[PDB]
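What follows is a set of notes on a single structure, which appears directly below.
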Amino acid sequence: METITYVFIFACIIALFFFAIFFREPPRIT
Amino acid sequence: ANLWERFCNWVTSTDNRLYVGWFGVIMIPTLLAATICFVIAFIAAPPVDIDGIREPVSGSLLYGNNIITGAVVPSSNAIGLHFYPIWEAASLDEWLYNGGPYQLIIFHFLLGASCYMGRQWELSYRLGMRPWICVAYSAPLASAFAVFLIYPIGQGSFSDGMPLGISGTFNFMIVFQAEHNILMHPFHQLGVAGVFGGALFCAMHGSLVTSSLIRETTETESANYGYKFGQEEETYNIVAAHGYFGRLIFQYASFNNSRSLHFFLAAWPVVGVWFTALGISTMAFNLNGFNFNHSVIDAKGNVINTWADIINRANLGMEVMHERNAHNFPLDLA
Amino acid sequence: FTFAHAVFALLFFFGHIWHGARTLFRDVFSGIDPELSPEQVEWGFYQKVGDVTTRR
Amino acid sequence: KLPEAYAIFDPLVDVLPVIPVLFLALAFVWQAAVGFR
Amino acid sequence: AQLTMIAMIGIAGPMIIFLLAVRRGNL
Amino acid sequence: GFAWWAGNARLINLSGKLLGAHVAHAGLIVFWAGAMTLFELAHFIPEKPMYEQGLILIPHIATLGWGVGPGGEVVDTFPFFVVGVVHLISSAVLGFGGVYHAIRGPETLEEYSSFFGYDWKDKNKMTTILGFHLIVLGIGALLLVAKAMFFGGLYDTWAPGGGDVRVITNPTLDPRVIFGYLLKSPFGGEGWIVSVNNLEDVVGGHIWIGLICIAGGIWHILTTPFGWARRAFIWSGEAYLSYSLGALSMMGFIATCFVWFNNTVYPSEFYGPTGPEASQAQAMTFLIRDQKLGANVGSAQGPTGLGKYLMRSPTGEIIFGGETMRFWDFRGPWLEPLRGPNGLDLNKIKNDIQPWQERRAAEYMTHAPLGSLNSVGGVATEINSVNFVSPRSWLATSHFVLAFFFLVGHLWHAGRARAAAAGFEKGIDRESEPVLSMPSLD
Amino acid sequence: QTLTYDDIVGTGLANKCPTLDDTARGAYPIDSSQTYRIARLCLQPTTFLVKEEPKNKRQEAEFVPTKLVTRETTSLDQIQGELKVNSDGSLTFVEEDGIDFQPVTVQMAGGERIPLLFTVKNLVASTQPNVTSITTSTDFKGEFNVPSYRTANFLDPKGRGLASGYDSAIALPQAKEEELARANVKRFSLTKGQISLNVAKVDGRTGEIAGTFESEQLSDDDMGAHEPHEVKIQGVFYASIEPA
Amino acid sequence: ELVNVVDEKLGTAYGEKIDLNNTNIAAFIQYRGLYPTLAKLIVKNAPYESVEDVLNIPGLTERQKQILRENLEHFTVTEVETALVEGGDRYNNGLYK
Amino acid sequence: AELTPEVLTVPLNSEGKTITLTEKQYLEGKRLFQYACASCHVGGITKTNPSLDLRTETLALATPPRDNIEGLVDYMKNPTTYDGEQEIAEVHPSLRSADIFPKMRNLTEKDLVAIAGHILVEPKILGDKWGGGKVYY
Ligand code: CLA
Ligand code: CLA
Ligand code: CLA
Ligand code: CLA
Ligand code: HEC
Ligand SMILES: CC1=C(/C=C/C(C)=C/C=C/C(C)=C/C=C/C=C(C)/C=C/C=C(C)/C=C/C2=C(C)CCCC2(C)C)C(C)(C)CCC1
Ligand SMILES: CC1=C(/C=C/C(C)=C/C=C/C(C)=C/C=C/C=C(C)/C=C/C=C(C)/C=C/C2=C(C)CCCC2(C)C)C(C)(C)CCC1
Ligand SMILES: CC1=C(/C=C/C(C)=C/C=C/C(C)=C/C=C/C=C(C)/C=C/C=C(C)/C=C/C2=C(C)CCCC2(C)C)C(C)(C)CCC1
Ligand code: OEX
Ligand SMILES: [Cl-]
Ligand SMILES: [Cl-]
Ligand SMILES: [Fe+2]
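Chains as they are written, first to last, in PDB author numbering: chain T, 1 to 30; chain A, 11 to 344; chain B, 451 to 506; chain K, 10 to 46; chain Y, 20 to 46; chain C, 32 to 473; chain O, 3 to 246; chain U, 8 to 104; chain V, 1 to 137.
Right, dumping it as structure tokens:
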């Protein structure tokens, strides 16, 4: 159960990376 | 319309959401290989005979580790500095027992990180920037080279390179202290000054700029909304900040040239971390930290201990205990 | 009990610092004056720091 | 030990190796004399 | 001692700057 | 537009003054080579191994056959003196030309003489200077050949009977051998070029390199760069500087590994034992001690189940046990007489170990390249007493540091040369900021 | 002609025993007035079989195949010893010395690692009565000793050992020790193995022989911690005989 | 029933004399004349059933015999302990300084 | 505490004659011990054979007794194994083997006395540390 938990959290962090990068608020100028 | 020239145009395009570039053509596959093998091994690799004595150490989650204790374990001392790719093993079973994954991951990663640094140069050129951000990154990069490649080369074995794990890291740094007295080495002292100072000046700079933000907002909104991305005016008042910091110390100990200031910020940690990477790289050839063991004795010749001799008692306890089954002869010469 | 209360005491020190800063500096919580002139932070102009009645 | 007939110069030779460092130092005296121009 | 020779040698360089700056030269 | 702290960049287009800097600096190198040799000589004590005395230059001279006899014993110190004095004397001449060209000579050369003057952007002229220097370098590598073959030979640690100076009469020319080294893996048991283990291959390699450099030099005098090279490179002084810094960096890293693993052109008699050597010598030492007491070192099982004295490598060879399992690629003249086809030969170990081998092992084990920065010898927990740091540790660490910084210098000057050639080394033009004419990423 | 170290190093051949020509079908006569030694005995395993656990009553498990994970580190070699002639014409080899053990670990299906001390230590192997010539039908059968895989200084991961180490589970200061007795008290085992060597080739000139061996012995019991497995080793051997 | 046999041995004469059947060779340095030469022979010819067996070691000169005689009282014999004699441990038991 | 004559007094020979060294002789002995001996014998141990050390009590039990100036001077001329049964000049530095141990070439008779004296004094100053090894650092 603890292995599943550790891997689950790590997997969520990788998915977050994907959204943080490709689905960020686009920076807009002025 | 030429096929190669179209591909060149895409590799080097500044319109890709992530820059690829020629350095990226090598970095992308090598880092993917190292990442995929690292994750698989961290979760499921079986125990590895790191020290060559048929005493395998369990690094992965499924074999009874947690995040803190887990590690991809370095390759067998029996291998030394020999190249140990998959195709040199009689089977994957053998390769796993002897620590093959560590070699795969660190070689792929060191290559991919090297190219990461070049990729930093390359896009700076495509954007018409100045080029030396990559020089800043060479400090962390040289540090990884030191603990994954240089120190193994000098000691003769990838089994003495840094495990890829949290407790493994601590094991490497305790044993380093017993074998090199790294704390009494001035290049590690400059590294601490580089990292302590970097954190100091990070906080200083952040706090001085934050302190002199120009009121653009009400108390119901984040002040961060007082700056709009790409506005031309500075958003704080460097003269008010120079006038505060010059008075906290004295005037000529404070920067009012923002270029000099940020160069100072770049250079202090980078140079400190160069030195500490050079410390590991030169303790790789056993030029160790200062030894003041029994340097003070009295008029009769009695030893008069100092704090260095107390350090030495601690170093001894690390020495005598580490790799407790691995030494047959009285000197740990490597 | 000792662990909890020692830790909470230390944290509450930062709270004292934070809210005390906010009380004494309420007038610039949102940012410094956009019309603060360089004569008030540069050395010499005022004999007493920040006091504009002591101009030389 | 040096040959017998140059023995006289022994304490000079103890100092010679350092001389290249002095050239580096000397560039900073020069620049001080012209005010780091 | 050796402290005689490194004193003599150590003063050569700065004495060159000194001569050239008092004789207003191409420094 | 350069500040005082970048002040030598003011010389980029002052070919005369820049010649003076290069030649004055050449004189400091030669001065150090001379002064330092005489310093080591004035301190040298022949009763003591070179490596107990802090010597790095005298070992290079002795390696070339001067001053030494059988076993590396020093027989004649005069060759060392001569090398020091001549280098010392010669640095005054370079000093002289140096400061003459930096202070008094014409500051630019191209008006005074079209042969000596150059433009960095002049690709023909640049490859011609390169060509001349390639020939000089080829001559130099042939001087090493000449010494080995016609002027007394070289010190040969592998020579039978303890090592000796030997004239090299059959230098290796077979390119499968010479270039075979270039293609060996740099990993353990292979060692790329660091594994060259005999002077025949050393000298033959230098015949090849001399001929290649002379041919390369003539090639570059007679040609100009092809268009594909014209379009690949930046053609500027700082760019050429950056190319050479990278090449010095590569070479510094190789020199580091050479002096650390190679005991042929860095004999252990002069430089001390290598790390692998010392560690092998510890196991040898205690094999001898224990066998003399009656131990059967072949059948003795250690705590782990592996042999206490002897085990197999991963490919089967009989090797020393304990942590030195990792150093079984080590080869040295004191150890090779015990090696049979399957690795260390148990019947030679039991019957044929000689007193000189026992002495040598004891010596190398107690002079392992381990020591503190203040030159206390041995492991880091050792007490004060022995004033020793191996010359190999000194030569390895120093050259690692220099190679590292020259790689930083390469990146510094390379990136800057690229930026200066494109015209944005001083910053981004506010009115033509490239990113403002690019479409947003998202 | 024969090979030098630099021909062999790195190839794997250093772990392989010498072979005889398939033409070596001679006979090595034995003179009872004479005494003989074995100058070199070489044993090269090719196959490691481990006996499984049937968990049930009348099934008696089988010997199953395993994968070697410790590489070309397996051969016993340079073994020497008395070769005697007995009253009844049997020959008895008595092992005196040699590289006569290797640690090996193999991996069973499922991932279980099985370490063993592959050895002939203290081998005494005898032939049938009335030999007089060693031939391509001579068999030696013998027994040998299998000491503990680890010797007495060996410390387990919590610092416990037999001749060194802690005597308790110091990370559990107030645990009940009865449960941990078997892990806390190290024991040094000493068991017997058996071996047959089958001579299949003989060089009557030189006195070299070669053939096939099968040995049975126990695996590591980790100083008493767990029960050993039973192991069967197959391989080839070489020996040269000398008038001693 | 699980007993540490090395601890058990320290409860015998092995824990107070040189045991000619078990003790590591470096102990023979505690008395004059015994190391290395006689120590070598004593260890090579073990086991002994009684302490005086050591006098019947072939090759002993009469000086050597005399030394043993003087030292018979620092000697004992107990049963060979496999754990102390395997691994070559009488020649090197992994203890230095 | 200080280097009193009491401590600089060591046995000259097996007959219990004594000899009182100077502070000078002792510092010379120490200097010469570091020059020619300490690469193996640092702190009174023996790196290449730890079972034999330079503790007075060990030397006293060597054959020829070596816990005195005479025994040690002789040892540096003609070293034997600990039972005296064989000469080991060829694997141990000594004046007899100064062809193969060249640091021994320039040692005078007075130097040998100083080295011997150093070895016999030091355990009076340092006690258990002398020859005790890393446990006592
Ligand atoms: C063949 C080698 C070589 C050459 C010819 C040059 C030449 C040049 N460099 Mg490059 N450089 C090199 C190697 C080299 N560099 C290396 C290896 C690095 C990485 C460390 C750099 C990093 C570098 C930077 C960061 C910069 C240059 C710059 C320049 C130009 C001005 C340099 C100057 O005026 O220095 C003047 C000399 C000094 C200010 C003195 C520096 C003193 C050093 C740091 C300390 C040495 C102390 C020593 C270790 C021991 C002291 C002991 C004590 C007693 C004093 C010039 C074209 C500048 C440039 O871009 O020009 C366009 C610039 O900004 N260089
Ligand atoms: C190897 C070290 C080295 C070398 C060879 C040079 C060489 C040079 N530099 Mg650089 N420089 C260096 C280090 C070095 N520099 C460092 C470390 C710094 C940072 C502090 C600088 C900063 C710097 C600046 C800021 C400038 C130079 C300039 C110059 C050139 C003209 C200097 C001049 O007019 O001198 C004038 C000085 C004197 C007249 C005083 C006397 C100097 C002499 C040569 C001392 C030699 C004494 C010696 C013992 C005599 C032996 C003679 C015997 C053999 C006969 C010259 C080619 C200048 C340049 O590029 O011009 C455009 C310039 O502006 N340099
Ligand atoms: C590579 C270094 C170098 C370079 C490129 C130059 C280049 C130049 N120098 Mg300079 N010079 C140098 C080193 C250098 N010099 C040195 C080392 C000294 C001191 C000895 C001088 C002293 C000097 C003076 C005093 C003058 C020049 C002048 C000149 C110019 C014309 C020289 C001429 O007509 O050739 C003359 C050609 C010969 C004499 C042919 C003989 C060949 C040489 C001397 C022998 C070979 C040496 C060998 C290859 C290496 C040394 C051996 C050693 C390893 C043992 C030219 C731009 C002149 C100038 O600038 O006036 C405006 C001038 O007046 N030079
Ligand atoms: C100091 C040495 C030096 C330098 C700086 C140059 C510089 C140059 N040469 Mg010359 N060259 C030299 C020596 C040198 N040469 C010698 C000795 C010879 C005779 C054999 C030649 C023969 C030569 C020819 C025949 C040609 C040049 C050309 C050129 C130009 C293009 C070089 C290029 O792009 O290479 C960069 C290299 C490549 C693009 C591909 C090869 C990459 C190597 C093999 C990969 C190895 C990397 C690996 C990690 C390193 C380890 C060792 C390796 C063997 C395993 C350039 C001006 C060209 C030109 O325009 O001439 C007019 C040309 O065609 N050179
Ligand atoms: C290693 C290279 C050594 C050096 C250098 C010196 N000694 Fe040594 N010593 C060494 C060994 C291996 C031994 C044991 C010899 C044996 O019996 O097998 C010794 C012994 C001594 C002794 C006798 C110690 C004892 O307990 O009886 C003495 C007194 C001694 N060595 C002195 C000595 C001196 C004075 C040295 C400097 C000149 C010296 N040794 C160098 C190893 C080495
Ligand atoms: C070989 C020989 C010789 C030669 C010599 C020479 C060559 C010399 C040189 C010399 C030199 C070359 C010298 C120089 C010197 C220098 C110095 C002495 C310096 C110092 C400096 C300082 C001290 C600094 C300071 C400062 C400044 C200025 C500024 C900034 C800050 C500071 C503080 C850093 C002779 C003749 C003798 C003869 C014999 C032999
Ligand atoms: C330009 C410049 C610079 C630089 C400079 C230089 C670098 C120079 C060099 C110089 C040099 C480099 C010099 C040299 C000199 C030398 C000499 C002058 C020598 C002499 C010698 C002698 C005299 C000898 C003697 C002897 C003998 C014979 C024997 C033995 C002993 C004796 C040693 C005594 C600077 C930076 C500063 C500044 C700026 C400018
Ligand atoms: C002497 C000797 C020898 C020999 C040696 C030789 C013969 C060598 C050679 C070597 C060589 C033959 C070298 C090589 C080099 C190469 C390199 C180092 C290259 C580089 C490259 C580059 C750098 C490139 C880059 C680029 C790219 C990739 C792309 C485009 C751009 C550019 C062009 C930039 C021996 C060992 C036997 C022994 C000892 C002695
Ligand atoms: O593996 Mn990791 O650690 Ca460098 O020393 Mn020797 O080896 Mn082992 O012991 Mn201490
Ligand atoms: Cl550990
Ligand atoms: Cl070991
Ligand atoms: Fe900022």
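All C-beta atoms in this analysis are idealised placements derived from N, C-alpha and C, irrespective of residue type, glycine included.
Option nearest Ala1 (chain V) by Cα separation, candidates A:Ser101, A:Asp308, A:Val313 and A:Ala344:
Taking the first residue of the ninth sequence as position 1, residue 1 (chain V) is located at position 1. The residue among A:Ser101, A:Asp308, A:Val313 and A:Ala344 with its C-alpha nearest the C-alpha of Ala1 (chain V) is A:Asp308.
Per DSSP, the bridge partner or partners of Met342 (chain C):
The residue labelled residue 342 (chain C) in the question sits at position 311 within the sixth sequence. C:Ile350.
From the beta carbon of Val233 (chain O), is the nearest beta carbon of chain A less than 8 Å away?
In the seventh sequence, the residue the question calls residue 233 (chain O) occupies position 231. Output row for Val233 (chain O): interface = no.
Residue of U:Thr68, U:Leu41 and U:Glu86 minimising C-alpha distance to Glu56 (chain U)
Position 49 of the eighth sequence, counting from 1, holds the residue named residue 56 (chain U). It is U:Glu86.
What are the residues that DSSP puts in a beta bridge with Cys19 (chain O)?
If you number the seventh sequence from 1, residue 19 (chain O) lands on position 17. According to DSSP, residue pairing for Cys19 (chain O) in a beta bridge does not occur.
Beta-carbon within less than 8 Å of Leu46 (chain Y)'s beta-carbon, same chain only, minus the 5 sequence neighbours each way: which residues are those?
Within the fifth sequence, the letter at position 27 stands for residue 46 (chain Y). Answer for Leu46 (chain Y): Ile36, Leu39 and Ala40, listed in chain order.
What are the complete alpha helix (DSSP H) segments, minimum 4 residues, inside the stretch 284-343 of chain A?
For the stretch 284-343 of chain A, whole alpha helix (DSSP H) runs of length 4 or above, ordered along the chain, are 317-331.
Taking C-beta pairs closer than 8 Å, name the residues in chain C that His190 (chain A) reaches, listed in chain order.
Here the question's residue 190 (chain A) lines up with position 180 in the second sequence. Near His190 (chain A) (Cβ distances below 8 Å), the residues of chain C are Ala411.
Three-state class that DSSP yields for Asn234 (chain A) in the structure shown
In the second sequence, counting from the first residue as 1, residue 234 (chain A) sits at position 224. In this structure, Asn234 (chain A) counts as helix in the three-state DSSP scheme.
Is any heavy atom in ligand 3 found nearer than 7 Å to the beta carbon of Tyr143 (chain C)?
Stepping through the sixth sequence from its first residue, residue 143 (chain C) is reached at position 112. Yes, the Cβ of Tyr143 (chain C) comes within 7 Å of a heavy atom of ligand 3.
8 Å contact criterion, which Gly40 (chain U) and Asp83 (chain V) should meet: CB distance rounded:
Position 33 of the eighth sequence holds residue 40 (chain U). Position 83 of the ninth sequence holds residue 83 (chain V). The beta-carbon distance between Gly40 (chain U) and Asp83 (chain V), rounded to whole angstroms, is 5 Å. This is short enough to meet the 8 Å contact definition.
Hey, is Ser471 (chain C)'s beta-carbon within less than 8 Å of any beta-carbon in chain T?
Here residue 471 (chain C) is taken as the residue at index 440 of the sixth sequence, counted from 1. Yes, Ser471 (chain C) lies at the interface with chain T (some Cβ there is under 8 Å from its Cβ).
Against chain A, does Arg73 (chain O) count as a neighbour if the rule is that its beta carbon must be under 8 Å from one of theirs?
The residue labelled residue 73 (chain O) in the question sits at position 71 within the seventh sequence. Yes, its Cβ sits closer than 8 Å to a Cβ of chain A.
Where the alpha helix (DSSP H) containing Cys244 (chain C) begins and where it ends:
Numbered from its first residue, the sixth sequence carries residue 244 (chain C) at position 213. Taken as a continuous stretch (DSSP letters only), the alpha helix (DSSP H) holding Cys244 (chain C) covers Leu230 to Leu253.
Mind pulling the chain K residues with CB within less than 8 Å of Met34 (chain Y)?
Locating residue 34 (chain Y) in the fifth sequence gives position 15, where the first residue counts as 1. Per Cβ cutoff of 8 Å: no residues; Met34 (chain Y) is ~10 Å from chain K at best.
Contacts of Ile28 (chain K) in chain C (Cβ-Cβ under 9 Å)
Here residue 28 (chain K) refers to the residue found at position 19 when the fourth sequence is read from its first residue. Counting only Cβ-Cβ distances below 9 Å, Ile28 (chain K) has contacts in chain C at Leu59, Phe62, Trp63 and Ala66, in chain order.
Given that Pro27 (chain T) touches chain A, what residues does it touch there, using C-beta distances under 9 Å?
For the purposes of this step, residue 27 (chain T) is identified with residue 27 of the first sequence, where counting begins at 1. Within 9 Å Cβ-Cβ: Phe239 and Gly240.
Segment limits, alpha helix (DSSP H) that includes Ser198 (chain O)
On the seventh sequence, position 196 is the one that residue 198 (chain O) refers to. No alpha helix (DSSP H) holds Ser198 (chain O); the beta strand (DSSP E) holding it covers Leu192 to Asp205.
Which of helix, strand or coil does DSSP assign to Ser242 (chain O)?
As a first step, residue 242 (chain O) must be located in the seventh sequence, where it is residue number 240. It is a strand residue.
Using a Cβ-Cβ cut-off of 8 Å, state whether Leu258 (chain A) counts as contacting chain B.
On the second sequence, position 248 is the one that residue 258 (chain A) refers to. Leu258 (chain A) does not count as touching chain B.
Return helix, strand or coil for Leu119 (chain O), following the three-state DSSP convention.
Mapped onto the seventh sequence, residue 119 (chain O) falls at position 117. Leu119 (chain O) falls in the strand class under three-state DSSP.
Between the Cα of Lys24 (chain V) and those of V:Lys17, V:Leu32 and V:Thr18, spot the shortest distance and give me the residue it belongs to.
Numbered from 1 along the ninth sequence, position 24 holds the residue referred to as residue 24 (chain V). Of the listed residues, the one whose Cα sits closest to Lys24 (chain V) is V:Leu32.
Sorry if obvious, but does the Cβ on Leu35 (chain K) come closer than 7 Å to a heavy atom of ligand 7?
Translated into the one-based positions of the fourth sequence, residue 35 (chain K) becomes position 26. Yes; taking the cut-off as 7 Å, the Cβ of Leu35 (chain K) has a heavy atom of ligand 7 nearer than that.
Strictly under 8 Å for the Cβ-Cβ distance: is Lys215 (chain C) near chain V by that measure?
Locating residue 215 (chain C) in the sixth sequence gives position 184, where the first residue counts as 1. By the rule that beta-carbons nearer than 8 Å mark a contact, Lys215 (chain C) does not touch chain V.
Sort O:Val106, O:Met110, O:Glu64 and O:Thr140 by Cα distance to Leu93 (chain O) and report the nearest one.
As a first step, residue 93 (chain O) must be located in the seventh sequence, where it is residue number 91. Out of O:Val106, O:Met110, O:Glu64 and O:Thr140, O:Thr140 has the C-alpha closest to the C-alpha of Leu93 (chain O).
For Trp425 (chain C), collect the residues of the same chain with a Cβ closer than 7 Å to its Cβ; drop the 5 residues on either side in sequence, then sort them by chain order.
One-based indexing of the sixth sequence puts residue 425 (chain C) at position 394. Counting only Cβ-Cβ distances below 7 Å, and skipping sequence neighbours, we find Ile87.
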